[PDB]
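Next up: a single chain in C-alpha cells, the form deposited in one PDB entry.
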C-alpha cells in the first residue's frame, strides 16, 4: 500500500539546517534560522518562565485533561493582550479563545472550522508570506490566492498594488493579515493604512484572519496590536491566531490561541461549539505545560514585569543589529544602500540579495541565509557582524 511511490519535498527554510551542521570551517554563520538568539548565540529559557516552571512543579497535583479549549486564565490573558483591557469585545462576551498547539495549530483550527462550517472557499495571503500558510489552508480543502505586498524595487509596502489586487476577492473570502510585521519582509502597514484597509474589508465583505506571532517585537505589546484593534473596532466577526513561541521563547511547548469574534455572545458560542468540534477531531485538547507557564506569568505582577523586561531586551537587541548591520555595511565598502533595514520590524528582513549571491555566500563563505534572500538579524551578533558584512560586500 505504501511500497513504491509516495513522495517528498523539502521545506524551504527547514532543510537548510542540515548543512549548517556539516561545515568544519571556522567562520560558519547561520542567518536563515527562525528563532531568536541572544548576543552569545543561544536561545536561553526566559528567567521568567523558569520561575513559573518551579511554581508549577511545587503546585500541580494532577495532570488531568484540560477542556477542549484549554485553561480559562490563558484565554482571557490572551484576549486582554490582543484587544486591550477595556474593549467592547470582552465586556460584551463577543470573543471565544481556544488554547491551541502553537500558532500553526491555531491556523489549522481556523482552517478546519472555516472549511467545514462556513461557505469559505478561498483565502488571500500576501506575496511574500510565511510558506507554511499555503499547506495549512490547502490541507483544509481551501485553495490559496495572493495579494501584492512588496513585489520589490523601493524596498517598501506597495500599497496601491495590494488594493488593486485585493479587489479581485469576493465577499466570503478570508484575507489573512500579519498583525505584527510581516514574515518575511518585516514591512508594516502604518496605522493610517490599517485604518484604510479595515474600512475596505468592512465594505467588500472580506472576513479578516490575523496571524499574530511576533507581538512585542516591533514597537511594544500595545502598539503592535493597534492594527488588529483598528479592525476589531470596525468588524462584527474576525479570527486571530496568536502565538507565544517567539515572545515567551516557549517554542517547543507549542503555545498558541485561536480567537473567534462573532457580533454577539449567543452567536460566538454556537460558532465556538463547532470550533471545539473541529479540535476534538484533531488532537482532542491542548498541551498544558506551556500554556500553564504563560497564564502563571501574565497573572502575576512580579513575574509579568520580569517577562516584559525580557521582551524589551530581545526587541532592543534586534533593533541594535538592524542599526549596526547597515552601519558595518557602510564602513566595509558596500555597493548598495541598505538603509531600508531599519524600520522593518522584527527578526526577518529581505537582504535584497539574488538567489545566486545567497548560494555564493553559502558554498564558500560560510554565511547561511534563505535563498529568497531572507535574513534573521537575531542570528547577527557584535563579533560575528564584521565577518558577515565583509562576506556580503564581496558579492555586492
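Shifts are known only where both forms have a C-alpha. Residue numbers count along the first chain shown, from 1. Heads up, when I say rigid core I mean the largest set of C-alphas that superpose within 1.5 Å between the two forms.
Two stretches are in play, 52 to 60 and 27 to 35, and the higher mean C-alpha B-factor belongs to 27 to 35.
With 357 to 365 and 341 to 349 compared on mean CA B-factor from the PDB entry, the stretch scoring higher is 357 to 365.
Residues shown: 127, 117, 284, 154. Highest C-alpha temperature factor in the entry: 154. If you compare the C-alpha temperature factors of 94, 204, 254, 133 in the entry, 94 comes out highest. Placement of the Cα temperature factor of residue 85 within the chain: highest third of the modelled residues, per the deposited record. When the modelled residues of the chain are ordered by their C-alpha B factor, residue 243 lands in the lowest third. Ranked against the other modelled residues of its chain, the C-alpha B-factor of residue 196 as given in the entry falls in the highest third. Per-chain ranking of the deposited C-alpha B factor places residue 19 in the highest third. Placement of the Cα temperature factor of residue 66 within the chain: lowest third of the modelled residues, per the deposited record.
Form deposited in another entry: not shown, discussed below.
Relative to the superposed core, residue 11 shifts its CA atom by less than 2 Å between this form and the one not shown. The Cα position of residue 44 differs by less than 2 Å between this form and the one not shown after fitting on the rigid core.
By the rule of 2 Å per CA over three or more consecutive residues, the rigid core superposition between this form and the one not shown yields shifted runs at 3 to 7, 22 to 27.
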